[PDB]
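Working notes for the structure below.
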Amino acid sequence: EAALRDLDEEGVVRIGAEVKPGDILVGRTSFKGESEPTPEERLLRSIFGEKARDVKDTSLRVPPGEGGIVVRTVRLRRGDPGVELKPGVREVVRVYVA
Amino acid sequence: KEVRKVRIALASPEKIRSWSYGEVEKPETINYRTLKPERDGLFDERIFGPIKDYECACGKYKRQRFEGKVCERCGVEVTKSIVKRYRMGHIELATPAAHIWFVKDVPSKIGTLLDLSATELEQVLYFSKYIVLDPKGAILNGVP
Amino acid sequence: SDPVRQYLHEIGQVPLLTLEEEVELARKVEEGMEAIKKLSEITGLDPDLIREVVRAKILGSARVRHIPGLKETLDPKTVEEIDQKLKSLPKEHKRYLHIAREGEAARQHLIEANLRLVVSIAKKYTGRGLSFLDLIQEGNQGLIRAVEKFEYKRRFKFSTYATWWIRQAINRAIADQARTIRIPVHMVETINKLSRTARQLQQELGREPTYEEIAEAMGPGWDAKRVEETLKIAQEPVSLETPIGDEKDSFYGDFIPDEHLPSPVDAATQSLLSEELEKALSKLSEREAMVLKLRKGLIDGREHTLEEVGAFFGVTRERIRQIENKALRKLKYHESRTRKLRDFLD
Amino acid sequence: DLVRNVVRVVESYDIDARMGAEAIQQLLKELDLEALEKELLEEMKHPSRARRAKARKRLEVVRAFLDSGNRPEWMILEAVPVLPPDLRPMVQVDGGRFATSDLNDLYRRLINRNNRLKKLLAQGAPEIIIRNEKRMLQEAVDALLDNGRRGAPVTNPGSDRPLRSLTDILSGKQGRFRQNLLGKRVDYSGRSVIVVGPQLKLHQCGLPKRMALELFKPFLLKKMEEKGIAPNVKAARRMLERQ
Amino acid sequence: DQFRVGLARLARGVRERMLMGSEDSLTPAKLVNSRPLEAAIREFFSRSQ
Amino acid sequence: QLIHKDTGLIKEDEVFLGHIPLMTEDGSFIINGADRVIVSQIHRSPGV
Amino acid sequence: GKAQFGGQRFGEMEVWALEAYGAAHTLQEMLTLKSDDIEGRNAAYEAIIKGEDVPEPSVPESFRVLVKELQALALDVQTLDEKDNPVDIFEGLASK
DNA sequence: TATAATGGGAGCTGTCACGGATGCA
DNA sequence: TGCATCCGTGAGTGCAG
Ligand SMILES: [Zn+2]
């Protein structure tokens, strides 16, 4: 929850925050491939009573040596009005940082 | 043993075939839906290698105790995927073809080896003129 | 020098047919096929196996290759052999070996004669993924079709009938080898549908249409979702060597990470796991850390449900499932001291 | 002639006169190399020194082949080799879009011609057609290997960009030798602005501690354990990943 | 200049469909495919030097 | 307006050609939402 | 490049520099463990984190690319030991 | 699968200097 | 034989891009 304290319910940083290297600006999830857990890994979780999760942390963090104060966010989905993006993209999010 | 020299020399057609693992029959890359490689094409794994380590194409054999078995269903070896980097294929030509280096690297290496002019080797190669191997007695304009 | 003016010149050598020479050659080709299965049911060999032999001898031994579909390998020994129980026939039966031979010979002069026509069709299928010559050859390829299917008795000129197979064969090539990702000829066909209908929509609206403005005018069974995922497979790939910048010292491919091969962090992260878990089997028991080291794999994995578990563990079937729980149990207490495992869940 | 019941004979010979690499693979194949050496030194004895000169150049090619054991005909290919697919990949970039080497389109280009030639043969085609197919086949192979070298260079549709032939890959300032073999990019390295430190001793410099941390990230990870600022190396790393 | 090059391509494609498809039931509308123009402009503005 | 070389056909439509990019007041362009500039080019001039 | 999390190009002229000094091992490192000797590269970043000296290196994976690219031009490049018999720098992965 | 149709289309420009291989009085 | 004349091959580094 520390690593999330500055994100709204959707996964966007809150306008007016302080973001530094490592910080998630936008949480994103993506599905795991034909490397869905191997033996070494299925077993390791068999110990921890937490079974293989099927999504992944693909979030957008901040690169080394950058950071600032979230000033703004644009969220373009499709299914919303006005908007339609290159084929195969559901939604795009831009976050400007000062 | 310890590398100490590096030899470079010509590839006999037999040798080229000695390298090969597959005749690339179809000019197909990967399936427009499966996004997997089409068989007999430039990325077919039954030729070149397992795309994912120690895992055959269809799903038959899927780890290291099988190693080297070419599964029956799909025909792919069970090895490291690193082989898609090293395993040569070959394209068997119907009529043979000139390695342009030995053609056009002036002075031609084939063209000097046969007292063939530059512009002869072109004509004979890019089909501007015939070249007789056995005139079987022909004669042209009063001269054999 | 220029490989098109070249071919445009060889073609310009074979004269154009006239109406009689048209019907002459066409006629001889028809009769020669008839001749070939009359010639087949006399000797009983095979029309095609027989046809190739007529074919060889007319063109010269210059060409012969074991024809796919024929059952024997058509080497110059079987062409003399078989040309022999051919010329062995009575003058009224071996009458037809001269008919075939004449046919094959007219086949050629009729193809060769009408190559200028192909040119004048492929000329206008340019800029579609295939080069002029590539198109010509495909065009030609169909032309061959046209002669083995012509019926001179319908009185039509040859131009007319062939202009069908010609474009029929360009269009199959433009649609079967153009894309780096080969897509069935019919999907290609419907794709072009979207293009042409989208175009009129734009010519109508004054702006490019949305997905849904397409799914409508595309009719029923067409929704916005289905126009979209049709477009993304329609999507042609791009060159790793595409130029990045107005100089030429960077390739678009150079900015592309190699996700496949493991990184050195990962490479190392795996080796330290697969032994600091071997550093938790030989810590409490190594034969209960071996029956559940065989309920999965140290390499290859070994895990089904109930069946080889029941074959060779030493123990009974649902007793290995109990030291499965206690092997795990012990590790869950084992791993409250050597707590060097949590990190590996990321 | 069955209408005229004459047997015609047209004045014409059974000559063997070919075109293409088919010919040359044969003429090459018929070279007794020791023979030719004999003749050439046997003419290295001539005056006028321009015949003596060319007999050298030629003889140097002969004795080249003699001393190596290469067969001249091997400068002709029946079996064109194909380069492992990973060295010429097809990859999905971020947007699920695809990125591919030029070579695939140069092979593809070739395998279409070899294939419709194997077909144009069996379906018995006139020479004029078979001719255009073999020529086109050479130009295919002449572009896989050294595109641009002879005649027009093979461009993909919708641009004027030569495709990148195997020799293009091998050679030039951006070739494989000069850009990846005689010097690569490297790990454990950084860049920054420099700034004079007059306080430094002759053997020293001023390294920003953040550059230091990364450049030594392995070493720091270990020491971080050999003291205890983290339990193990993998958790140590996750500390330094958010500032 | 780039515009004189789209117009040029567009005319290669009209006469093409002038001498094939139906010489009397035709319009300006369907004898013109704009895209060759579109892409010549787009080109000059997105990848010119 | 299309006209037939032989009969006198007359059709007349106004066909949409696409969009031309406009120049802002300060004399620049927005192309895929990114201001850009079209640098004049110097070259030898037509003549003999 | 910074945005890719680059490495720094150690080009021809830098190599010369190391060459002139006679820093053989430091050069070899830049040519194998630090760039593309995937074995000894992965092998090193385990040795550091484990506190052991770095492994002597194997062949740069980029030389292999060179071999296979010359094969694809019908050219047979062969690593040879001193008694002139080949050396498989693919550890049997290309043999049959 | 059948009126008839029978030889392309775009060049691209303002470098230079050397070395080699070829043509020609 | 000696000398035009054409064709092919070169033309700095790293970084931002
Ligand atoms: Zn399988």
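All residue names refer to the structure tokens as shown: chains lettered A, B, ... in order, residues numbered from 1 in each chain, ligands numbered from 1 in order.
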Can you tell me, as a PyMOL selection string, what residues are no more than 6 Å from residue 53 in chain B when counting only C-alpha atoms (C1' of nucleotides), ignoring any on the same chain fewer than 6 positions away? chain B and resi 79-81
Expected answer as a ChimeraX atom specification: chain D residues within 7 Å of chain A, only C-alpha atoms: /D:241-243
Can you work out which residues are within 7 Å of ligand 1, considering only C-alpha atoms (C1' of nucleotides) and all ligand atoms, and then hand them over as a ChimeraX atom specification? /B:56-61,71-76
Return as a ChimeraX atom specification the residues belonging to chain F that are within 7 Å of chain E, counting only C-alpha atoms. /F:1-2,11-13,15,17-18
For the residues in the current selection, export N, CA and C atoms as a short mmCIF file (atom, residue, chain, number, x, y, z; two decimals), in the first residue's frame.
data_model
loop_
_atom_site.label_atom_id
_atom_site.label_comp_id
_atom_site.auth_asym_id
_atom_site.auth_seq_id
_atom_site.Cartn_x
_atom_site.Cartn_y
_atom_site.Cartn_z
N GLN F 1 -15.98 18.16 -63.61
CA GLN F 1 -16.96 17.77 -64.62
C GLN F 1 -16.32 16.77 -65.58
N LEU F 2 -16.88 15.57 -65.62
CA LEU F 2 -16.52 14.58 -66.64
C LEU F 2 -17.34 14.82 -67.91
N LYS F 11 -21.21 14.85 -66.34
CA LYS F 11 -21.44 14.69 -64.91
C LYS F 11 -20.58 15.70 -64.16
N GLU F 12 -21.03 16.07 -62.97
CA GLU F 12 -20.35 17.10 -62.20
C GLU F 12 -20.58 16.82 -60.72
N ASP F 13 -19.52 16.44 -60.03
CA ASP F 13 -19.52 16.31 -58.59
C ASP F 13 -18.41 17.18 -57.99
N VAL F 15 -15.65 16.32 -55.34
CA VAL F 15 -15.16 15.13 -54.66
C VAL F 15 -14.13 15.54 -53.60
N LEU F 17 -11.00 15.45 -51.43
CA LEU F 17 -9.63 15.05 -51.70
C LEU F 17 -8.85 14.69 -50.44
N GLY F 18 -9.37 15.03 -49.27
CA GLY F 18 -8.67 14.89 -48.00
C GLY F 18 -8.44 16.24 -47.34
#
For residue 108 in chain C, work out the shell of residues within 12 Å, counting only C-alpha atoms (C1' of nucleotides) and skipping chain neighbours fewer than 3 positions away, then give it as a list in words. residues 14, 25, 26, 28, 29, 55, 58, 59, 101, 102, 103, 104, 105, 111, 112, 113, 114, 115, 143, 144, 147 and 148 of chain C; 123, 124, 125, 126, 127, 128 and 129 of chain D
Give me the residues near residue 45 in chain C as a count of residues only, where near means some atom within 12 Å (using only C-alpha atoms (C1' of nucleotides)) and where sequence neighbours in that chain fewer than 4 positions away do not count. 17
Can you list every residue of chain C that has an atom at most 8 Å from chain I, with its nearest atom pair and the distance in Å to one decimal, using only C-alpha atoms (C1' of nucleotides), ordered by chain then number, as a Markdown table?
| residue | atom | partner | partner_atom | distance |
| --- | --- | --- | --- | --- |
| C:244 | CA | I:17 | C1' | 6.9 |
| C:245 | CA | I:17 | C1' | 6.0 |
| C:250 | CA | I:17 | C1' | 7.9 |
Selected residues, N, CA and C atoms, written as a short mmCIF file (atom, residue, chain, number, x, y, z; two decimals), in the first residue's frame, please.
data_model
loop_
_atom_site.label_atom_id
_atom_site.label_comp_id
_atom_site.auth_asym_id
_atom_site.auth_seq_id
_atom_site.Cartn_x
_atom_site.Cartn_y
_atom_site.Cartn_z
N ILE C 244 16.39 5.84 -38.75
CA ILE C 244 16.06 6.69 -37.61
C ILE C 244 16.94 7.94 -37.70
N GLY C 245 16.34 9.05 -38.12
CA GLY C 245 17.08 10.28 -38.36
C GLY C 245 17.35 10.52 -39.84
N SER C 250 21.65 5.35 -37.33
CA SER C 250 20.86 4.53 -36.41
C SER C 250 19.75 3.82 -37.16
#
